[PDB]
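J.: Following this: a sequence and the matching experimental structure.
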Amino acid sequence: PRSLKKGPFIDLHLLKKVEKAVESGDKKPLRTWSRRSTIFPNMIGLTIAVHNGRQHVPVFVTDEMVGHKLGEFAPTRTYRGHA
Amino acid sequence: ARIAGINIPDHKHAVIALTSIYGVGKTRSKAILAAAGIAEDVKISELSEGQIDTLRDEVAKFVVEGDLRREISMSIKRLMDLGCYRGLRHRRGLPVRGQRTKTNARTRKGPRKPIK
Amino acid sequence: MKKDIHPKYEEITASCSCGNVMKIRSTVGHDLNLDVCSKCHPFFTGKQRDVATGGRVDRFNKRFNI
Amino acid sequence: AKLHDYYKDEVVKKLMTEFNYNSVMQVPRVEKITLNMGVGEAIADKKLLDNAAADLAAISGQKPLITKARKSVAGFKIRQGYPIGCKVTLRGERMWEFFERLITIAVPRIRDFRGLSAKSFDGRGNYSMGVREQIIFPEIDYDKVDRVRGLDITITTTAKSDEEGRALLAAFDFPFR
RNA sequence: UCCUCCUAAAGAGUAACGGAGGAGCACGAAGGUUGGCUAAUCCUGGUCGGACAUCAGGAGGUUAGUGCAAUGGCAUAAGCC
RNA sequence: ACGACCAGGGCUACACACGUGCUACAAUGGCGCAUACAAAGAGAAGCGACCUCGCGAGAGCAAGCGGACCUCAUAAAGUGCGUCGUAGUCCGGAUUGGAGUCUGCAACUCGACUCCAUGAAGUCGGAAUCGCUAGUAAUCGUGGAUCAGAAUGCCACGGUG
Ligand SMILES: [Mg+2]
Ligand SMILES: [Mg+2]
Ligand SMILES: [Mg+2]
Ligand SMILES: [Mg+2]
Ligand SMILES: [Mg+2]
Ligand SMILES: [Mg+2]
Ligand SMILES: [Mg+2]
Ligand SMILES: [Mg+2]
Ligand SMILES: [Mg+2]
Ligand SMILES: [Mg+2]
Ligand SMILES: [Mg+2]
Ligand SMILES: [Mg+2]
Ligand SMILES: [Mg+2]
Ligand SMILES: [Mg+2]
Ligand SMILES: [Mg+2]
Ligand SMILES: [Mg+2]
Ligand SMILES: [Mg+2]
Ligand SMILES: [Zn+2]
């Protein structure tokens, strides 16, 4: 994982969208290609439609989803089975 | 010979019979015996019961069998409930850490499943 | 009770690591040294501590500062 | 009879107070404790049964009554009359002394003990629990083992309801939860 | 050939290539006596243990049982130790 | 547009089958302590001492070096003592949880490494089949290219033999 001395990582355009949706207090789905951005505690309660390569899957944000990244909740490979 | 709930073989040495504890290994067993002032080459044999009470207190400093297994299952069910990629791997039975599934996933997948 | 068929059931002394002393009737014969009793079992404090859920936001804010 | 004396002096006064019973005979009391080991694997050999009765005879100083099949079932490959288990009924002082050694010694000797259930009182006060492993009793020597068994304990009391037995065992500081 | 029920018409009996089932034994205890006991099934709870082993309580009240077919009996048990 | 730009994804999927390899199933060994002997190479957006902190990967300050001068860099197997005493073991290390470091805008998919814990299969491998004639096989470590980082591969090197 990343070093603690660099802190976390988040896209700036995401952090601005978070600051806006925080102040407006709107839970409209934010479509986002930043699968590599760590979720912040100010993101709680937001629908963020993370890209997966093909579309934007909406993610409601929970308390426990903080110390993770947005890409963990958008699986890129669909697999059902062989038979 | 009964530490933290479980029994401990008497014939073996100290670090090994401690490593029978789910939550300690040879490192933490050395830290226990170092905190008790007990030599590592002695057995669970010829120990004073005061020495064993000190040992129980040092193991009780850490997290062990029932606590540790409960915490591990809680962490896994946290991933299960989130529905992350590690949760999906944990409940598909597939390897989590980014290993290969084309070949050699036999630890998580068990033995071979013949196409019948 | 019958006379011979049942095992010997004799009062012995059981002392513990918490210094409890309790005389019970048992089939052991010899004296007994215990490890935990109901007095010294961590059922009323330790098992209460042993839940230990922990916070995810608190780990996050703990690991650094903005 | 230490717990029987503790019953007679403090539990009765407690329950008469916390229930407002008209009579002291209206109070609950424990009646018997039944110790079953259902041994379905003794159909292979009697010595497994013969050793389970020896172990349970050390726990409670009684020779156990070897129980048999009431009827025949084919899913378990038994016929009516096969010795299939062993039980011990404990009454009186031997009941109280076992109940003392139980709640004082053996329940603490349970691996990962974290309490009992209060949802095992069969609607009519009689409590039933089951232990996984006989080594929690100190009567058993650990090397002197043959096979890890398990048994079940059934405390039969005179409580009509379920809560009157729950209050009775709580009066004996019985580790529910 | 023998047994049980119906046909058989409220005593007995009563036929047909009429309707349905069995027997050609078993037991030295599965007999005698004294003493004692009382089922089936289901519900809840409970270690392995599961629809179903064993254990504890409750409902129920013979719906069970009777060495074997059926019928009639059987709690004073003829049933079970 | 079959041309061009960008983000994200993918080339790493997984009921399975094969090839080539690595580590093993231990006692001619595992562990712990002490200790001896190499060659050949690379180095400036680089190699990076010493000293300090950290269990540790590493971090800080920071010399020296375009290098028979300095660094990578203590060779390991070995030997000596003690230890385990034949067990799925003090073998084996997979897997997984937690805590971290570094690189790099950025390690979720999808990096390497460290620490604690975890401790699968495996007790020498069916039919079948491969390599090798002497410093060879076997075994033991070392270095380099590619490369920000990322080898059990590749190309080279010496040790025992
Ligand atoms: Mg251990
Ligand atoms: Mg007539
Ligand atoms: Mg007539
Ligand atoms: Mg008869
Ligand atoms: Mg009679
Ligand atoms: Mg049941
Ligand atoms: Mg691109
Ligand atoms: Mg490829
Ligand atoms: Mg240091
Ligand atoms: Mg050596
Ligand atoms: Mg050694
Ligand atoms: Mg090991
Ligand atoms: Mg390890
Ligand atoms: Mg095996
Ligand atoms: Mg072996
Ligand atoms: Mg290089
Ligand atoms: Mg590299
Ligand atoms: Zn105690």
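T.: Nice, I can see it. Numbers count the residues shown, from 1 in each chain, chains lettered A, B, ... in the order given. Ligands and ions are numbered 1, 2, ... in the order given.
J.: What segments of chain C are helices?
T.: C:46-49, C:56-63 (DSSP state H).
J.: same check, this time on chain A
T.: For chain A, the helices defined by DSSP H cover A:12-24.
J.: next one: chain D
T.: Taking DSSP H as the criterion, chain D contains helices spanning D:2-6, D:12-19, D:46-59, D:93-101, D:163-171.
J.: Show me what from chain B comes close to chain A.
T.: B:78, B:81-86, B:88 (Cβ under 8 Å from any Cβ of the partner chain). C-beta coordinates here come from the backbone N, C-alpha and C atoms, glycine included.
J.: Out of the residues you listed, which are close to ligand 18?
T.: Contacts with ligand 18 are made by none of these, judged by Cβ under 5 Å from the ion.
J.: of the residues you listed, buried ones?
T.: For the residues of chain B next to chain A, a burial check counting by 16 or more other Cβ atoms under 10 Å in any protein chain shown picks out B:82, B:84-86, B:88.
J.: Just want the most central residue of the chain.
T.: Using chain A here. residue A:70 (3.3 Å; Cα atoms, centre = their mean).
J.: Actually, chain D is the one I wanted.
T.: Closest to where the C-alpha atoms of chain D average out (Cα atoms, centre = their mean) is residue D:153, at 2.4 Å.
J.: and residue A:79, how many neighbours does it have?
T.: Residue A:79 has 10 neighbours, counted by other Cβ atoms under 10 Å in any protein chain shown.
J.: ugh, typo on my part, it should be residue D:165
T.: With other Cβ under 10 Å as criterion, residue D:165 counts 25.
J.: I'd like to know how far it sits from chain A.
T.: Residue D:165 sits at a distance of 41 Å from chain A (criterion: Cβ to the nearest Cβ, to the nearest Å).
J.: number of nearby residues for the closest residue to that residue other than its chain neighbours?
T.: Among residues not flanking residue D:165 along the chain, residue D:125 sits closest, at 3.4 Å (Cβ to Cβ, 6 or more residues apart in numbering or on different chains). Neighbour count of residue D:125, defined by other Cβ under 10 Å: 23.
J.: Same question for residue B:33.
T.: If you count neighbours by other Cβ under 10 Å, residue B:33 ends up with 21.
J.: residues contacting it?
T.: B:14-15, B:18, B:39-40, B:55 (Cβ atoms under 8 Å, 6 or more residues apart in numbering or on different chains).
J.: and the residues you listed, which are buried?
T.: Neighbour counting by 16+ other Cβ under 10 Å classes B:14-15, B:18, B:55 among the contacts of residue B:33 as buried.
J.: Export those to CSV and append columns for secondary structure.
T.: Shown next, in CSV, are the buried ones among the contacts of residue B:33 (DSSP: H, G, I helix; E, B strand; the rest coil):
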residue, secondary structure
B:14, helix
B:15, helix
B:18, helix
B:55, helix
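J.: Strands along chain A, start to end?
T.: Remark: strands assigned in chain A by DSSP state E are A:30-32, A:47-51, A:56-60.
J.: should've said chain C
T.: Along chain C, counting by DSSP E, strands occupy C:10-15, C:21-26, C:32-33.
J.: Could you give the separation of the last one from the chain centroid?
T.: Spelled out, it's strand C:32-33. Centroid separation for strand C:32-33 versus its chain: 14 Å, with Cα atoms, centre = their mean, to the nearest Å.
J.: what's the answer for the first one, then?
T.: Its chain's C-alpha centre and that of strand C:10-15 lie 18 Å apart, by Cα atoms, centre = their mean.
J.: repeat for stretch C:32-43
T.: The offset between the C-alpha centroid of stretch C:32-43 and the centroid of the whole chain comes to 4 Å, using Cα atoms, centre = their mean.
J.: quick one: it near chain B?
T.: Yes: Stretch C:32-43 lies within reach of chain B by Cβ under 8 Å from any Cβ, at C:33, C:35.
J.: The residue nearest to residue D:146 when sequence neighbours are not counted: how many residues sit nearby?
T.: Computed as Cβ to Cβ, 6+ apart, the closest residue to residue D:146 that is not its neighbour in sequence is residue D:51, at 5.0 Å. Residues within reach of residue D:51, counting by other Cβ under 10 Å, total 17.
J.: thinking residue D:51 is in contact with residue D:148, fair?
T.: No: Residue D:51 is not in contact with residue D:148 according to Cβ atoms under 8 Å; the separation is 11.9 Å.
J.: Now for residue D:35: which residues touch it?
T.: D:56, D:59-60, D:64, D:87-90, D:151-154.
J.: Specify the beta-bridge partners of it.
T.: residue D:88, residue D:153 (DSSP bridges).
J.: how about the helices of chain D in JSON lines, adding distance to RNA strand F?
T.: Formatted as JSON lines, those follow (distance: least, Cβ to the nearest atom of the strand, whole Å):
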{"stretch": "helix D:2-6", "distance to RNA strand F": "39"}
{"stretch": "helix D:12-19", "distance to RNA strand F": "45"}
{"stretch": "helix D:46-59", "distance to RNA strand F": "22"}
{"stretch": "helix D:93-101", "distance to RNA strand F": "32"}
{"stretch": "helix D:163-171", "distance to RNA strand F": "35"}
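J.: out of the contacts of residue B:33, who's nearest RNA strand E?
T.: Closest approach to RNA strand E among these (Cβ to the nearest atom of the strand): residue B:18, at 28.6 Å.
J.: which residues touch that closest one?
T.: The contact partners of residue B:18, taken as Cβ under 8 Å, 6+ apart, are B:3, B:8, B:24, B:28-29, B:32-33, B:55, B:59.
J.: which of those residues are buried?
T.: Here, 16+ other Cβ under 10 Å leaves B:3, B:8, B:24, B:28-29, B:32-33, B:55, B:59 buried among the contacts of residue B:18.
J.: Include distance to residue D:22 and secondary structure when you put these into TSV, please.
T.: Shown next, in TSV, are the buried ones among the contacts of residue B:18 (distance: Cβ to Cβ, whole Å; DSSP: H, G, I helix; E, B strand; the rest coil):
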residue	distance to residue D:22	secondary structure
B:3	52	strand
B:8	56	coil
B:24	59	strand
B:28	61	helix
B:29	63	helix
B:32	60	helix
B:33	63	helix
B:55	56	helix
B:59	54	helix
